[PDB]
Structure formats: C-alpha cells, structure tokens
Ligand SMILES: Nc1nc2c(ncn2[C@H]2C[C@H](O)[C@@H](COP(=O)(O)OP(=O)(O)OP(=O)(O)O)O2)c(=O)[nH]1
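Single chain ahead, written as structure tokens, the form deposited without the ligand.
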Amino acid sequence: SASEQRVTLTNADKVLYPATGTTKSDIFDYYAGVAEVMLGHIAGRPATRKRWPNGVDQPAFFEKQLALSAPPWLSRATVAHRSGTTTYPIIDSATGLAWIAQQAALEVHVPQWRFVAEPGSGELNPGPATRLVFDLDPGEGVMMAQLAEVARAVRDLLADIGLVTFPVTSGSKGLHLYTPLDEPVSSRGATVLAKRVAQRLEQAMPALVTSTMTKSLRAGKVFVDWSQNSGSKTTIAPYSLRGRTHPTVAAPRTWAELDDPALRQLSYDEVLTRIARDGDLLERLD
C-alpha cells in the first residue's frame, strides 16, 4: 500500500525532560494513549510544532512548513499569508501523532479554524472559525479563586448567547477556555466577538480583569486574551505536552475542578488516567 503510515521511534531511551527522566519512549506511548481523544480537536487544522531535539534543557524551535523529509503520507494544506505561503501538516491519525513524538515535537499548536475542501476542485483552503478560544493569563499576585471566578464569568457571558464553554489548563500558567460556535464565522469575525466578551467582562470587573496587554495594568488582574482568535495565530492544542521543566499537558478540566484552591497543572501520566476514567471532557467541542 502506497498510503501506509509507519513511524519508527529512534533513541527510545533519550531523556527529553531531565528533571523527571521522561523519555522519547514515554512520549511515544503518551501520544498513542491520547490519540483517540486528541485527534478530534486538531483534525482539519494546520499543525505548528515546537521541537526540542535534545529535550527541554537544550535549544528548541517552532516549525510551520512541512519539510520534504517528513513522511509523504501526512495530510497537508497551504495557507497564503502576507509574506508568502506555508504548507502545514494536518495531524489526523494516530500514526501522525507517532510522527509528532518521533520528531521530539513536544508541543502541537493549532488555530481555531479548519481547512475546508473547495466545492469545485476539493483543494483545501482556510475556512471559518469553528470555536472561540480565550487565554486567561493571571497577573502578578492573582490567586486561583480569582482566575476561576474570571473563567466562570466568561462562561456566564457566553451562556447568555446559548454557547457552552470548556476549560483547559494550559500546562504552563494560562487557563484556556474554548467555546464551539453554533454558526460559522470568519476568524476576523470570531476575534471581534471574543474581544466584545473580554471588554464586557472588563467593564463588569475592572479591578479583576483586563482586555488589553498594556503591561502596567496587568498586576492583580486576569488578562482575558481574545487575540488568539486571529486566523494567523495558533494556540497549544488540548492534550499537547508542554516543553517545560515537567511534562505537563494542556489538560481538559471540569468546572468543579476549577473550584479547587489547590488547582494545579496536570502531568501526562495523570491525563492518561483521567482519559481511562472519564473519557474526553472536550467530546462536545468538535
């Protein structure tokens, strides 16, 4: 079969997280374990990689274009940006995630739009936003209860327009909130909508929330970042590992989980246990 997808893991024993001894083999098994739940949320999207060839204590790089050296069987599609054109991989199979692991691409980042097959030729072109994302970034001195209250407030504003919101702890510091769209809208449109939500929240709790980056207004506030809805921006994918000291994950959570004052980021091993018990908390997102 000319279309047969195969990935060979090399250097299985290579440690990619020196703090914890987490190896390429660990990562390979992790992305295998999460494939079923992860794929639905990255399907149809251009996948930006961040790679750490010798692990998180060695230099890393983002990669967007799909190199010719990559497997020919990977799906791919082209985006025409201001300074040229970029052809990205679309990860849409378990073996694709095996390639991500083999690449030491600890991080997978995707935008909030999907490629759509053009009526005539079937050629893939960027289509509408399918969901909104908000990145809630806690400023200096902001506690969990404040960040949670701000998340619940975003959720409540969205609920007023009959939208449902899903939280995902970023694995870093952020809390991301995703909301699937009832009706399709351009990324430009999605960004205007998300901005309106953020500014409305800022009006409602200006002591606790900001909708702008302005850095002297950041302390003591949650920055409700609406800017990642831009079509040219990309956001860490749910279930992606993070290239951080520990192998934490962009982990879906329940709303009740956010009410825990001891809320913390989850490790890859915990995410696997959670999937086995509860399945995908983001089932309804995509």
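Start at 1 with the first residue shown and count on from there.
Omitted from view is the form solved in complex with the ligand, to which the following refers.
Enquirer: Though the ligand is not shown, can you say which of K173, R196, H81, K215 has a heavy atom within 4.5 Å of it in the deposited bound form?
Expert: Looking at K173, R196, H81, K215 one by one, just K173 meets the 4.5 Å heavy-atom criterion.
Enquirer: Quick one: from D92, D135, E149, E202, grab the residue that has a heavy atom within 4.5 Å of the ligand in the deposited bound form.
Expert: Result of the distance check: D135.
Enquirer: Given that the partner is absent here, state which listed stretch (156 to 164, 113 to 121, 135 to 143, 202 to 210) has heavy atoms within 4.5 Å of the ligand in the deposited bound form.
Expert: The contacting stretch here is 135 to 143.
Enquirer: Within 4.5 Å, heavy atoms only: does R242 come near the ligand in the deposited bound form?
Expert: Residue-level check for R242: yes, a contact with the ligand.
Enquirer: Taking any heavy atom pair closer than or equal to 4.5 Å as contact, tell me whether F62 reaches the ligand in the deposited bound form.
Expert: Taking the distances in the deposited bound form, the answer for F62 is yes, it comes within 4.5 Å of the ligand.
Enquirer: May I ask you to check whether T248 falls inside a 4.5 Å heavy atom distance of the ligand in the deposited bound form?
Expert: No.
Enquirer: So in the deposited bound form, is the ligand close enough to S230 to count as touching (4.5 Å, heavy atoms)?
Expert: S230: no contact with the ligand in the deposited bound form.
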